[PDB]
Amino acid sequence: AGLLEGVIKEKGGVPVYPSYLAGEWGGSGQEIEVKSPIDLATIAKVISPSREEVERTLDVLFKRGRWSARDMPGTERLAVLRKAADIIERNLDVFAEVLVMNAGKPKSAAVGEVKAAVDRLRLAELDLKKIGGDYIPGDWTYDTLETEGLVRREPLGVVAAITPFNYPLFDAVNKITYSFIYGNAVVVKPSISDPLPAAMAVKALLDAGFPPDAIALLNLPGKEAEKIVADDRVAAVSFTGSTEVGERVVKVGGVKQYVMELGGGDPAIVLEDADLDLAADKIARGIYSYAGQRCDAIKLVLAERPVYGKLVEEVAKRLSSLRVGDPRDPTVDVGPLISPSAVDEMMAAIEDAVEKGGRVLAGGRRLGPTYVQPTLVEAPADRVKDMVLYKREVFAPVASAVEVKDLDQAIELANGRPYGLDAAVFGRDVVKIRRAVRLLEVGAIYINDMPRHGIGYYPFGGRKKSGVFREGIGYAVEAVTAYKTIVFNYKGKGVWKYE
């Protein structure tokens, strides 16, 4: 609605959302149904581009787009991003509604994501703490005397932004922002599961002045996107999703610049030192927020003997007092999961933990094809490692709780999972905290708080199976930019006497 006034096709009673082919909205490939996880009902259809349209779109992005983006003064690109922020802001409710409608996101969360997208856009000003270059004098080596170097960052060209389902609006806006602020053209490929928010963001950007040939939004389902990734006109692939799909993306893409935010869960460690009120509060939230459909969601709780009982007790009470229902009730805390399949896996996973010695301390009851109570499962250290909930990321509101002897055991268990995205540590002793910070093999550690990538004010990314590289204001530049070195030779000319 609204922004997509003349774009959306009212056909067969259901709104039809077209792909944006770097110049004109359209598409003539298969139409795909977009369902809401709230009622499993079709809320719209998206037109996927045909193979020829994908080909033509990439051709336009490559031959015209990257130059349109690059030739637009940085000061103007920023203006575009700021105007788009204004547009999204005044259309907040419609944007939030779609997030609730399409992603099953609780009203307040949906509003939070729209605001995050808006802030991210406005902070593009801070993404400049990085586009400056370096000057290198040549007199620190005899071979380089009477020589000089200039190292500048330049945009790579066409960046493919591949987005997961859990933060459809923000991720698209985020990847588009850091790719565009530096002069790249962008091909957005949203999850076919919830591509509507991206269509709205893209539209807002186009209305804001975004070079019409420098951006594309292709509604291609999963494997159909490989055509974009494998193409040589795509210099970089910014991907946020599962470890398995990310692996496939790299293998399909080959040599190319990548940003792989592959998530997985995050462990939380509570030292005997911690404020248990703060810890229980933040840990409970980290477990249930958006029905645990957050890569930075808490999946494992580790607490030392002296505080384990009280901590898990408080977290259990907070979880069980949560209202699960229609994300439309500003009263509901937890909406549905993206699909019934996601819930199936969570139940099977809980069964696995229980079979292996685990005990549910809160939740555990499925409430419908796509509804479940955020669950907390207790587990003995000697058996937790073999449980699916530990070895894998069950994208749902569920976490293991484990009592530990000391910090070293906490760290050991925390590092025992195959992932390494973030980790949380609640405590007050600087030495123990410093040790945890040193030994936790993750991209980010949150001291006295739940893991929260937020809008990327602080850089984040993975270690181990959680991926490579970082996103964040100012740090994402590394993935969508390339250095250009210019060496000047003045040997023999009379510039320098001896140096």
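Throughout, we count residues from 1 along the sequence that is shown.
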Comparing 47 to 55 with 65 to 73, the one whose average Cα B-factor in the PDB entry is higher = 47 to 55
When mean C-alpha B-factors in the record are compared for 8 to 16 and 475 to 483, the larger belongs to 8 to 16
Among 154, 244, 296, 148, which residue carries the highest C-alpha B-factor recorded in the PDB entry?
-> 244
Select one of 450, 445, 430, 41: the residue whose C-alpha shows the highest B-factor in the crystal structure entry.
-> 41
If you rank the chain by CA B-factor, which third does residue 35 end up in: lowest, middle or highest?
-> highest
Residue 232 by Cα B-factor - lowest, middle or highest third of the modelled chain | middle
Would the CA B-factor of residue 369 place it in the lowest, middle or highest third of its chain?
-> highest
In terms of the chain's CA B-factor thirds, is residue 317 lowest, middle or highest?
-> highest
Tell me, lowest, middle or highest third: where does the Cα B factor of residue 164 rank within its chain?
-> lowest
